[PDB]
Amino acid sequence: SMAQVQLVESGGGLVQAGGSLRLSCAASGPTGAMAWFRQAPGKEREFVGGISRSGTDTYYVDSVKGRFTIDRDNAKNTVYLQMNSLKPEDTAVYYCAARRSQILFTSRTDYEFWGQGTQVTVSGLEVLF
């Protein structure tokens, strides 16, 4: 039965509008549904996409459907978010999240475990710096 776990995010970073970035997250042990949330500056944390324990149920918000993909590895206790065709509005701090239950609910309040947040920055500037 599922227990207390810690979540360690990696990946993300800086990219030019239209590019690609991959996020990853590693749980200290087995866990249930896993999801990615994001907090753009001066806005509320929001659900992005997620995946049930078994992987047979995924769900994505409409604004990323078709561009973002999630999958998980229950052997390694990981999940990843592959983000294609990124847009400046995708800029945010992204959080990995998990819950003991297998079910892919999508409310922040349904998730017990949280990563610390990983910055993703998508530049609409033609010249980044």
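Heads up: residue numbers just count along the shown sequence, starting at 1.
> Taking only the CA atoms, which stretch has the higher mean B-factor in the record, 102 to 110 or 117 to 125?
Mean C-alpha B-factor is greater for 117 to 125.
> Lowest, middle or highest third: where is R38 by Cα B-factor in its chain?
As the PDB entry reports it, the C-alpha B-factor of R38 lands in the lowest third of its chain.
> What third of the chain does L86 rank in for C-alpha temperature factor, lowest, middle or highest?
It belongs to the middle third of the chain when residues are ordered by C-alpha B-factor.
> Lowest, middle or highest third: which one holds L23 when the chain's residues are ordered by CA B-factor from the entry?
Ranked within chain, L23 CA B lands in the lowest tercile.
> Rank-wise, by C-alpha B-factor, drop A92 into the lowest, middle or highest third of its chain.
Answer is middle: the recorded C-alpha B-factor places it there.
> Considering only modelled residues of the same chain, in which third does the CA B-factor of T69 rank: lowest, middle or highest?
Its C-alpha B-factor belongs to the middle third of this chain's values.
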